[PDB]
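Bear in mind that the values in this text are calculations on the coordinates, not laboratory data. Cβ placement follows ideal geometry from the backbone for every residue including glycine, while neighbour counts extend to all protein chains displayed.
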Amino acid sequence: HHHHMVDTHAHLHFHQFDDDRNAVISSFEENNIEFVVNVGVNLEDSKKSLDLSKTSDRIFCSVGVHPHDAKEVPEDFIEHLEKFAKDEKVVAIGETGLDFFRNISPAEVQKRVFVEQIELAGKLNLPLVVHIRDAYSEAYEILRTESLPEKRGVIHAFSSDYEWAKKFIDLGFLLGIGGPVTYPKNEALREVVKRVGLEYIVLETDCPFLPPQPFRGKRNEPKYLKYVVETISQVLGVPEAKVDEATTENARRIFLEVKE
């Protein structure tokens, strides 16, 4: 009966939460946040994410190396992520993917690091938390190329059009919709959400990044997810309860269901 929301992409361990992380986390229940998937961006950061997830029953963890950090991976980075994943709190592999917009790391280096994490997720049968920036065609080619985990995962902060959305949904991924869906300028994204529907989306804040409209210029956090749901419900012409139920069920199935 409850209107619960799930944040599938948070970075609560980042320094922007140093002064009030405890308060933010302890208020999840009051704010209708059922659980959050806290994501790491490199080996050191993933360790901090895991340590934090172990302090709350409502925080699960994703470990990985972001494409920006691809040129920095140690030779045994996959073994190190695999060691983290021994912890039951780890429910996914990521952030991992390609970012050809910033290109902090060379494209071929990003591709190999991404491929290696996709292979690890397949091995552990863990869903992937994928980051794609101006590289949808390239990421698509890579993902369809190999043996993906049963529960493929989520293409977080999905930023392409309907055609690409359909291609990924058909591959078995769900799409992460966050703060930007509320931006007056993002007419395109809203149209995508309208075409795709609730069966293929999960909510996310990507906190502290990309706050929803009423809070531009402010640190983003899980409780602001309500504005994302509000917009989605308005664009789809359905009750907020419908958006919450569907996205939460989607998130529960992907991240919390016991996997072989």
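Quick notes on this one:
- By the equivalent-ellipsoid construction on the alpha carbon gyration tensor, segment 119-260 comes out with semi-axes of 25, 17, 15 Å, ordered largest to smallest.
- Phi to ³J(HN,Hα) by Karplus 6.51 cos²θ - 1.76 cosθ + 1.60 over segment 65-82, Hz, x for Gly, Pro: 10, 5, x, 4, 8, 4, 6, 9, 5, x, 4, 9, 4, 5, 5, 5, 5, 4
- Calculated diffusion of segment 1-139, Stokes-Einstein form, Kirkwood radius summed over Cα pairs, 20 °C and 1.002 mPa s, µm²/s: 139
- Packing, taken as the mean count of other beta carbons within 10 Å per residue, orders the peptides 191-202, 109-120, 209-220 from highest to lowest as 109-120, 191-202, 209-220.
- For the residue pairs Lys48/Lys83; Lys86/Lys111; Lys47/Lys218; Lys71/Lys167, the alpha carbons lie more than 18 Å apart in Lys86/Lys111; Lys47/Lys218; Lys71/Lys167.
- Using the rule -39500 (n - 2.57) for each DSSP H run of four or more residues, divided by the residues of the chain, the 222 nm mean residue ellipticity is -11000 deg cm²/dmol.
- When you restrict to C-alpha pairs under 8 Å that are six or more residues apart and normalise by the size of the chain, the relative contact order lands at 19 percent.
- Among 69-80, 9-20, sorting by the average number of other beta carbon atoms lying within 10 angstrom of each residue, highest first, gives 9-20, 69-80.
- Computed over all pairs of different Cα atoms, the Kirkwood value for the hydrodynamic radius of the chain is 18.0 Å.
- Here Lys123 is the anchor, and the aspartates and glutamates within straight C-alpha reach of less than 13 Å, apart from those fewer than 8 places off in the same chain, are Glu79, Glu82, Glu146, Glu150, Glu260.
- By the count of other C-beta atoms within 10 Å, a proxy for reagent exposure, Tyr224, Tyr183 are ordered fewest to most as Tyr183, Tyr224.
- ³J(HN,Hα) computed for each position of segment 222-231 - Karplus, 6.51 cos²θ - 1.76 cosθ + 1.60, integer Hz, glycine/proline x: x, 4, 7, 4, 3, 6, 6, 5, 3, 4
- Cross-link reach list, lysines versus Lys242, counting only Cα pairs under 17 Å and skipping chain neighbours closer than eight places: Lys194, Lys226
- Semi-axes of the equivalent ellipsoid for segment 1-74, Cα gyration tensor, largest first, Å: 25, 13, 9
- Whole-Å distance, taken between Cα centres, linking segment 1-61 and segment 127-156: 23
- When you count the other C-beta atoms within 10 angstrom of each residue and take the mean per peptide, 230-243, 47-60 line up highest first as 47-60, 230-243.
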